[PDB]
Amino acid sequence: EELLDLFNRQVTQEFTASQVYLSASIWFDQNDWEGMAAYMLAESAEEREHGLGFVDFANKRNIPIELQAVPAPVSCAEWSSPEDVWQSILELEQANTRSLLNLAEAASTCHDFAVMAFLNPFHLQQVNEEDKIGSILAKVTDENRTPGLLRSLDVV
Amino acid sequence: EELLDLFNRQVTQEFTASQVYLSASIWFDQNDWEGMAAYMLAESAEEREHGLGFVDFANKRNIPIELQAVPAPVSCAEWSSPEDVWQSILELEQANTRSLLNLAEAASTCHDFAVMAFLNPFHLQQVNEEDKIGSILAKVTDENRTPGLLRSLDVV
Amino acid sequence: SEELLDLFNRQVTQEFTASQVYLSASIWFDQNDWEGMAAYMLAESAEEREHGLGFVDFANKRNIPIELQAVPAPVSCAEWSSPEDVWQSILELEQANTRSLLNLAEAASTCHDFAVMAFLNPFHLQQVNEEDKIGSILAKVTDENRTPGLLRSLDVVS
Amino acid sequence: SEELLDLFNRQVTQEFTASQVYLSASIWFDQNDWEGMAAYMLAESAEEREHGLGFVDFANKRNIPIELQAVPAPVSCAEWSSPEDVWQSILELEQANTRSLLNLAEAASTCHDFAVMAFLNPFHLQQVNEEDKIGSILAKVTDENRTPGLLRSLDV
Amino acid sequence: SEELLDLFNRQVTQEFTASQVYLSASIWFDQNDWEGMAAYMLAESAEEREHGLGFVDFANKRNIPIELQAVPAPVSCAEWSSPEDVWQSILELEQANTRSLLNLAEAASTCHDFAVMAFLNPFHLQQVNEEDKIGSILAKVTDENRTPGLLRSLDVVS
Amino acid sequence: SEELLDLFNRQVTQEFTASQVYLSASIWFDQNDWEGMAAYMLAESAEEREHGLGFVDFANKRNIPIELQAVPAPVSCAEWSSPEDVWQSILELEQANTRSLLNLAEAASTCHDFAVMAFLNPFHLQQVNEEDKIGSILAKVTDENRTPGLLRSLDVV
Ligand SMILES: [Fe+3]
Ligand SMILES: [Fe+3]
Ligand SMILES: [Fe+3]
Ligand SMILES: [Fe+3]
Ligand SMILES: [Fe+3]
Ligand SMILES: [Fe+3]
């Protein structure tokens with residue numbers, strides 16, 4: 001069952017993204033970027049809510065779920081500026097999107113209309129999310145060209 | 001036209017489900033399961049609302065509807081206990097799901113994007129409906145293992 | 001007696017039949033862009049179903065076993081060509097709902113079933129009002145339809 | 001593909017085109033003292049422009065490059081002689097808008113562009129409603145205009 | 001007289017043309033992540049359209065025939081490389097807007113068309129305010145863009 | 001505070017591990033139509049995650065470097081076959097949560113780390129409440145399950 005495997009992989013991906021957001025929050029806080037840290041923290045909670053949403057749907061639809069390990073976040077070992085963090089987060093969101101499109105493709109092949117329906121708001125949410133991050137990343141890489149200026153904008 | 005047939009049959013299945021629910025409420029009332037009876041009666045009204053929503057849509061989309069007979073319910077002749085009723089209601093909801101998927105499959109083939117959009121909330125509702133019925137039947141089957149205990153579910 | 005039981009079941013069937021026929025009238029009206037008349041018939045469809053459900057509840061309480069019968073496909077829509085045809089069939093439908101109720105009352109009266117007769121009284125009075133109201137809409141329709149477009153101009157209104 | 005970006009641009013144009021066509025109908029109605037019908041077309045003109053703006057916003061978010069095309073002048077108003085002529089042109093405009101959205105949907109479908117398909121669903125459902133409503137208005141106009149002066153009653 | 005009637009008809013095209021150019025500026029700003037400037041341009045796009053609708057409504061009342069013309073494709077977007085280029089084009093747009101209203105008022109004046117001159121007064125005062133507002137934004141923009149990153153930091157603000 | 005830093009990290013791991021085990025319990029309950037027990041475990045999963053975040057936040061303020069470890073795949077769920085088995089595994093999870101807090105407090109006490117010890121105090125007390133509550137639900141579960149169907153009637157509660 002490709003569809004079942006992909007659905008389980010989607011849950012893991014949501015919780016993986018939740019932990020990576022959490023890792024970003026930690027790096028920001030340790031480096032005194034409290035406004036960015038709070039943003040990443042809120043995003044960590046929202047990603048977990050997505051995973052929980054997929055778990056609930058799967059239970060109702062009899063798609064057997066088994067929780068996999070949530071891997072330790074790795075990018076954080078090499079972040080050295082807010083630009084590096086935001087870039088990893090963009091890449092994370094790009095991967096979340098492909099991971100949802102993969103799942104949709106599998107559902108489409110199986111003619112699974114209920115799964116396709118369930119995924120629609122997540123596809124639209126990902127469009128908004130990639131846009132929002134790509135646009136914070138533009139602003140960060142523009143303001144970091146003047147020493148200190150980026151800080152002055154972490155002022156939430 | 002296959003799409004136009006499958007759309008009419010859908011209206012028929014919603015109204016037929018409405019009557020089957022009403023037959024189940026009657027069987028429970030006659031047998032003093034007033035709680036289960038009120039539940040079935042609410043579901044009857046709700047299936048009827050789905051049929052009317054299909055009819056309204058078909059009217060707007062110029063999908064000619066012609067109302068078919070609602071057949072005499074017949075499972076009621078055979079029900080001996082709440083478990084038999086709830087088992088039939090599960091198979092009814094499984095037939096409602098099947099009927100929706102048949103119609104979606106045909107809308108897909110025809111690239112009828114509007115019909116497919118219209119069906120999405122019904123797909124997601126059926127997921128919840130089957131889960132809910134499956135779960136009630138689980139409880140009934142467990143509680144009916146001790147004499148008189150199921151009579152406690154009915155007071156809820 | 002089984003005669004009473006029979007007529008009580010028939011009454012439930014007639015209410016649900018009327019509910020379906022009212023629904024077919026809504027559909028014809030809607031398809032032909034008479035949204036006001038369509039809304040009226042849709043409300044009546046829901047009300048007739050409510051009456052059937054009231055009879056079922058009463059029967060269950062009184063130990064009158066109900067067995068639900070088929071509700072036939074409404075077939076008059078095949079031949080309706082104007083609002084007047086539709087309202088004419090609805091007036092005939094209400095004349096039939098009045099008949100099945102007076103059949104039932106006749107049998108209850110024979111049987112000295114005071115409880116059934118008491119239960120039927122508000123339904124007799126409601127049919128009086130229903131027949132009056134449908135007869136009166138039909139007279140308005142039939143008058144207004146003598147001038148092209150005039151009927152439409154009032155669906156919109158009313 | 002390329003055809004998908006293209007058709008997405010084309011959609012924005014079709015929305016703004018239809019906005020102008022509605023404004024031209026308002027003008028003919030006003031000029032000929034049908035103020036109620038004029039109010040109605042004017043509100044629809046605003047709404048079509050809002051639809052184009054919604055497509056522009058989504059395209060921006062999804063990095064579909066939009067480039068605004070000229071908005072063609074409306075052509076039908078030179079030949080309108082009566083309200084029925086106007087409402088018939090507006091029915092055709094809406095049928096044109098529906099075909100336009102289905103074209104776009106067909107392209108997204110081939111591309112497996114699930115985000116674009118989710119985004120279009122409320123528009124497919126809205127167009128069903130719009131065509132029904134204009135159809136219904138046209139029916140009434142065509143019936144009432146059979147008696148001299150009677151249509152002026154509708155205008156309210 | 002025909003001079004005036006044509007210039008009035010054509011003011012409607014100029015309002016909608018300005019609407020579409022504002023919209024094009026909004027798009028450029030959104031695609032380049034200046035959401036704050038994009039929202040300002042989008043609001044002005046709606047307001048320019050409302051002005052053209054105001055002209056159309058007045059012409060209908062005064063029996064000035066309106067024939068709606070093509071709204072030209074905006075063309076400065078292809079050339080814009082920075083917010084300063086966009087605000088500069090928007091300034092030229094408003095100065096054109098102002099000149100087209102002054103030409104209209106001049107024709108009305110020649111025609112002794114007191115109604116048209118009255119109708120135009122609040123637009124002349126509005127153009128004064130808009131040109132000032134855009135001149136001012138363009139001055140801020142050109143000053144802040146002297147330090148890398150600084151202009152960003154104010155889109156975010158205002 | 002080498003020992004102390006590593007124990008403080010492990011505590012974060014244990015909170016998030018417990019969060020996932022609660023979630024796995026919620027899933028087993030939902031799949032087996034025990035909605036009320038499932039709700040309870042979901043509620044607990046959220047609250048374990050919150051504890052994890054409180055430890056992380058304190059660590060960040062106190063400059064204890066946190067590196068987030070893998071959260072392992074829950075395993076007990078492969079063996080559960082009745083509610084009693086789930087609640088017994090949850091009681092053992094809470095006993096292990098109490099144990100890791102107590103390793104932490106011992107290391108802090110050794111280091112005379114007064115702020116860390118102050119920070120743990122409400123968690124100590126919470127763990128008392130939590131072990132008591134889970135012990136008490138397990139006792140009720142084990143009792144009601146002696147009559148067929150009886151437990152079900154009280155998830156319905
Ligand atoms: Fe997500
Ligand atoms: Fe249904
Ligand atoms: Fe009745
Ligand atoms: Fe539109
Ligand atoms: Fe203007
Ligand atoms: Fe804990």
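Each chain gets a letter, A, B and so on, in the order the sequences are listed, and its residues count up from 1. Below, each value reflects all heavy atoms present in this structure, side chains not excepted, and no hydrogens, waters or symmetry copies.
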Checklist entry - Roughly how far apart are E/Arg152 CZ and A/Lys139 NZ, rounded to 0.5 Å? => result 5.5 Å

Item to check | Flag if over 12 foreign heavy atoms under 6.0 Å of CZ, A/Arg145 | outcome: yes

Checklist entry - Would a distance-only check, ignoring hydrogens and angles, find a side-chain to backbone donor-acceptor pair under 3.5 Å from A/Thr146 to E/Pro148? => result yes

Checklist entry - Which heavy-atom pair separates A/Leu149 from E/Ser153 by the least distance, and what is that distance? => result CD1-OG, 3.9 Å

Checklist entry - With respect to chain A, which residue among E/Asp33, E/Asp155, E/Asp30 yields the maximal number of heavy-atom pairs within a distance under 4.5 Å? => result E/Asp33

Item to check | More than 12 heavy atoms from other groups under 6.0 Å of CD on A/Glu91 | outcome: yes

Next on the checklist: Can you tell me if E/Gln88 has over 12 outside heavy atoms packed within less than 6.0 Å of its CD?
Outcome noted: yes

Item to check | Salt bridge flag under 4.0 Å for residues E/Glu35 and A/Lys132 | outcome: no

